[PDB]
Each structure stands twice: as C-alpha cells, then as structure tokens.
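Below: one structure, written as structure tokens.
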Amino acid sequence: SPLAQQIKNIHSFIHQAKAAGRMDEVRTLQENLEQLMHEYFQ
Amino acid sequence: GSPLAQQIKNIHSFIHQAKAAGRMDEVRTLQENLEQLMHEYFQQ
Ligand SMILES: [Zn+2]
Ligand SMILES: [Zn+2]
C-alpha cells in the first residue's frame, strides 16, 4: 500500500528529527502521520 | 489486519476522542503508545 509505505517512512523521519533536536519537525510529521492514518483506517 | 495494526487503529481513534475531551495529556500518552506499537511493527 502506498499509504502503508508513507506511514513507514514517516516513522523513520520522526526518529531522525528527534535525534537532530527538531521537535518542531516531529510535530509536523505527526500531523502528516495523522493525515495518512485517517485515510488508511477509513 | 495483524494484532499490532488493529491496536494502532484503536489508538488513532482514541487520539481523536481525547482531543474532543480536552485531554491533551492523554493525547501525549497515546502518541507515545502509538510510537511504541509502530516501532514493534516495523522491527518485525
Ligand atoms: Zn484521524
Ligand atoms: Zn520508532
């Protein structure tokens, strides 16, 4: 699924942003994750 | 889906419900739990 793959990608990006000290970027990525989950679980 | 996918689906719903209840502290707990489940799901 392209949705599943995007969710997987975002999981990794969240780790990368956290490791860089960019908790602001984590927040945006969590919003991206919500957009995808809302579609995937519909 | 798998048990982890089903659990994740529930957490997605619970986050909306906690926001509606004004419980942003619960949202934080749930987002941490979501990460724990996703981490396990992708480790498999
Ligand atoms: Zn949603
Ligand atoms: Zn993780």
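Labels for the structure tokens follow display order: chains A, B, ..., residues from 1 in each chain, ligands from 1.
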(message) At a cut-off of 12 Å, using only C-alpha atoms, what residues contact residue 2 of chain A? Leave out same-chain residues fewer than 2 positions from it and give the result as a count of residues only.
(response) 10
Interface rows for chain A against ligand 2: nearest pair, Å to one decimal, 7 Å, only C-alpha atoms and all ligand atoms, as a Markdown table:
| residue | atom | partner | partner_atom_place_in_ligand_line | distance |
| --- | --- | --- | --- | --- |
| A:11 | CA | ligand 2 | 1 (Zn) | 6.0 |
| A:12 | CA | ligand 2 | 1 (Zn) | 6.8 |
| A:15 | CA | ligand 2 | 1 (Zn) | 6.4 |
(message) Env of segment 1-11 of chain B: 12 Å cut, atoms = only C-alpha atoms, seq-sep filter 5 positions within chain, self excluded. Answer as a PyMOL selection string.
(response) (chain A and resi 4+7+34+36-42) or (chain B and resi 16-18+26-44)
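With atom CA of residue 27 of chain A on one side and atom CA of residue 13 of chain A on the other, the separation reads 11.3 Å.
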Would you give me, as CSV, each residue of chain B having an atom within 9 Å of an atom of ligand 1, along with its shortest atom pair and that distance in Å to one decimal, using only C-alpha atoms and all ligand atoms and sorting by chain and residue number?
residue,atom,partner,partner_atom_place_in_ligand_line,distance
B:12,CA,ligand 1,1 (Zn),6.0
B:13,CA,ligand 1,1 (Zn),6.6
B:15,CA,ligand 1,1 (Zn),7.9
B:16,CA,ligand 1,1 (Zn),6.5
Write the residues of the preceding selection, restricted to N, CA, C and O atoms, as a PDB file, in the first residue's frame.
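Saved as result.pdb:
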ATOM      1  N   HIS B  12      -5.410   5.452  17.001  1.00  0.00           N
ATOM      2  CA  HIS B  12      -5.816   6.541  16.132  1.00  0.00           C
ATOM      3  C   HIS B  12      -7.184   7.108  16.556  1.00  0.00           C
ATOM      4  O   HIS B  12      -7.363   8.333  16.692  1.00  0.00           O
ATOM      5  N   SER B  13      -8.166   6.232  16.788  1.00  0.00           N
ATOM      6  CA  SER B  13      -9.474   6.671  17.250  1.00  0.00           C
ATOM      7  C   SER B  13      -9.402   7.338  18.633  1.00  0.00           C
ATOM      8  O   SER B  13     -10.032   8.364  18.877  1.00  0.00           O
ATOM      9  N   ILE B  15      -7.032   8.966  20.008  1.00  0.00           N
ATOM     10  CA  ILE B  15      -6.428  10.304  19.983  1.00  0.00           C
ATOM     11  C   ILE B  15      -7.512  11.335  19.627  1.00  0.00           C
ATOM     12  O   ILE B  15      -7.593  12.392  20.271  1.00  0.00           O
ATOM     13  N   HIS B  16      -8.352  11.065  18.631  1.00  0.00           N
ATOM     14  CA  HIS B  16      -9.443  11.987  18.318  1.00  0.00           C
ATOM     15  C   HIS B  16     -10.346  12.176  19.534  1.00  0.00           C
ATOM     16  O   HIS B  16     -10.783  13.282  19.836  1.00  0.00           O
TER      17      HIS B  16
END
(request) Could you give me, as a list in words, the residues within 10 Å of residue 10 of chain A, counting only C-alpha atoms and dropping anything in the same chain fewer than 6 positions from it? (result) residues 4, 16, 26, 29, 30, 32, 33 and 36 of chain A
(message) If I take atom CA of residue 14 of chain A and atom CA of residue 31 of chain A, how far is one from the other in Å, to one decimal?
(response) 11.1 Å
(message) What's the separation between atom CA of residue 1 of chain A and atom CA of residue 18 of chain A, in Å to one decimal place?
(response) 26.2 Å
